[PDB]
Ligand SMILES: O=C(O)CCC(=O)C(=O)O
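Only one chain is included here, represented as structure tokens and corresponding to the form deposited without the ligand.
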């Protein structure tokens, strides 16, 4: 039974892109160093500790009271914003993956903790946030990529992600059996990369009175697709402390879908947003 391929972080990017086309997913081993993972985890500890907001919680109010979720970690976790978000290997993968569609940016990056006693999810595709994706044919340029960061170990017992290899080629999800999937068992520092249309399920957490399984999910989408999370209320000084790449990911610059769009997107006064704003960056004059 074929398993998810595990590649070294410094492996060939064309190999990675071909695995996405064939299997639909793969794992990078030891992409993030321990100190970066540990730093990010402390920042996420802090956000987990903040008690539930008083009024409306748009996503959280739609799920049961046990739902553990922290949105838009880019705005509250410097290690994500300044280091993880701009990881060169992730962007090498994105550049290759999105060659046909053009520029991409961050639609969302958020935290989940899955506590002991949670059942596995049903098999599904991530095509709900932008429902138009449901009607995109297989042969169309991909518009979404999932980048999944385990922040605790992912094990068979605690709900390692279940992925059905090659299932992006299926017409529909159908009703597959659990033994058709393989597990994304991983350690902190690893990353799981999942192609659009791949059938998968969150593994829940079958441990008894154990610690929660922690994960950060980042969705990189074609700039044609509206970000779920809008980073437009971030302080200007915080945004100007990021690199150009980081700013581009968070929607603060004009971007370019592929031809036949020959102009761009996210612009105003027929000029680039960053020029209208006179936006500085950490790595630009």
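Numbering follows the first chain given and starts at 1.
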_Higher-B stretch (mean Cα B-factor, as the entry records it), 41-49 or 250-258_ = 41-49
*Which has higher Cα B-factors on average according to the PDB entry: 60-68 or 213-221?*
60-68
_Criterion, highest CA B-factor; candidates, 103, 172, 162, 187_ = 172
*asked:* Looking at the C-alpha B-factor values in the deposited entry, which of 155, 75, 167, 121 comes out highest?
replied: 121
*Taking the C-alpha B-factors as the PDB entry records them, is residue 207 in the lowest, middle or highest third of its chain?*
highest
*Chain thirds of CA B-factor: placement of residue 55*: highest
*Looking at the entry's B-factor column for C-alpha atoms only, identify whether residue 201 ranks in the lowest, middle or highest third of its chain.*
middle
_Split into thirds by Cα B-factor across the chain's modelled residues, where does residue 82 land: lowest, middle or highest?_
middle
_Third of the chain's Cα B-factor distribution that residue 195 belongs to, per the entry_ = middle
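FYI, the form solved in complex with the ligand isn't displayed, but the following is about it.
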_Binding-site state, shown form vs the ligand in the bound PDB entry, superposed, 3 or more atoms under 2.4 Å of backbone or C-beta_ = open
*Check, residue by residue, if 114, 126 and 161 all come within 4.5 Å of the ligand in the bound PDB entry, counting heavy atoms only.*
yes
*Of these, 202, 188, 176, 102, which has a heavy atom no more than 4.5 Å from the ligand in the bound PDB entry?*
202
*Among 165, 86, 215, 94, which has at least one heavy atom within 4.5 Å of the ligand in the bound PDB entry?*
215
*Heavy atom contact within 4.5 Å of the ligand in the bound PDB entry, the stretch among 249-257, 217-225, 50-58, 27-35*: 217-225
*Flag residue 80 as yes or no: does it have a non-hydrogen atom within 4.5 angstroms of any non-hydrogen atom of the ligand in the bound PDB entry?*
no
*Is there any non-hydrogen atom of residue 98 lying within 4.5 Å of the ligand in the bound PDB entry?*
no
_Heavy atom contacts to the ligand in the bound PDB entry at 4.5 Å, residues of 140-155 in sequence order_ = 154
